[PDB]
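Enquirer: Here is my input, please return the structure:
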Amino acid sequence: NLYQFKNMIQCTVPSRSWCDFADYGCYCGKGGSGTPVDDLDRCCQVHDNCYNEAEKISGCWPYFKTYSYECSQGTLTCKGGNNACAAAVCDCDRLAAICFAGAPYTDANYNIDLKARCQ
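Expert: Numbering: from 1, shown residues only. Below is the structure:
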């Protein structure tokens, strides 16, 4: 669920407030449309596409699905016991939090005009 994804970001990018990733580019912090603006926005495009794919599983709602995962000593682990939906959504979130860690953050891309730039 999103609360869990917020915590994953806090796990991999503790130098940034989680909120920096909540409204960035065309894809970070919504469903997403148009052309990703940079590397970090591409993390988010893949994250969003990953959620769209997980939505094909019956009863699977990525924003709301509570999975089982661990954050400790700089490492994210999606745990055994996750059903197909949980395991899919957890992996979406885990792969995204890692991507965020290695991607540059450009302040100009925070809170851009989605209607004009993301068509």
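Enquirer: rest of the way, CA atoms for contacts and neighbours
Expert: OK.
Enquirer: isn't residue 29 right up against residue 21?
Expert: Yes - at 6.9 Å, residue 29 counts as touching residue 21 under the criterion of C-alpha atoms under 8 Å.
Enquirer: With neighbour numbers in mind, choose between those two.
Expert: Neighbours per residue, other C-alpha atoms under 10 Å: of residue 29 and residue 21, the larger number sits with residue 21, 21 against 17.
Enquirer: so what's the closest residue to the more buried one other than its chain neighbours up against?
Expert: Using C-alpha to C-alpha, 6 or more residues apart in numbering and skipping the chain neighbours, the partner closest in space to residue 21 is residue 28 (6.1 Å). Listed by C-alpha atoms under 8 Å, 6 or more residues apart in numbering, the contact set of residue 28 reads 21-22, 41, 44-45.
Enquirer: Now list the buried members of the residues you listed.
Expert: 21, 41, 44-45 (16 or more other C-alpha atoms under 10 Å).
Enquirer: helix/strand/coil for residue 34?
Expert: At residue 34, secondary structure determined by DSSP: H, G, I helix; E, B strand; the rest coil is coil.
Enquirer: surely it meets residue 117?
Expert: Yes - counting by C-alpha under 8 Å, residue 117 is a contact partner of residue 34 at 7.5 Å.
Enquirer: What's the separation between residue 85 and residue 2?
Expert: As judged by C-alpha to C-alpha, to the nearest Å, residue 85 and residue 2 stand 14 Å apart.
Enquirer: quick one: which of the two has more around it?
Expert: More crowded of residue 85 and residue 2, by other C-alpha under 10 Å: residue 85, with 21 against 13.
Enquirer: what sits against the residue nearest to residue 17 when sequence neighbours are not counted?
Expert: Excluding the flanking residues, the one nearest residue 17 by C-alpha to C-alpha, 6+ apart is residue 10, at 7.2 Å. Neighbour list for residue 10: 16-18 [criterion: C-alpha under 8 Å, 6+ apart].
Enquirer: Alright, calling it a day.
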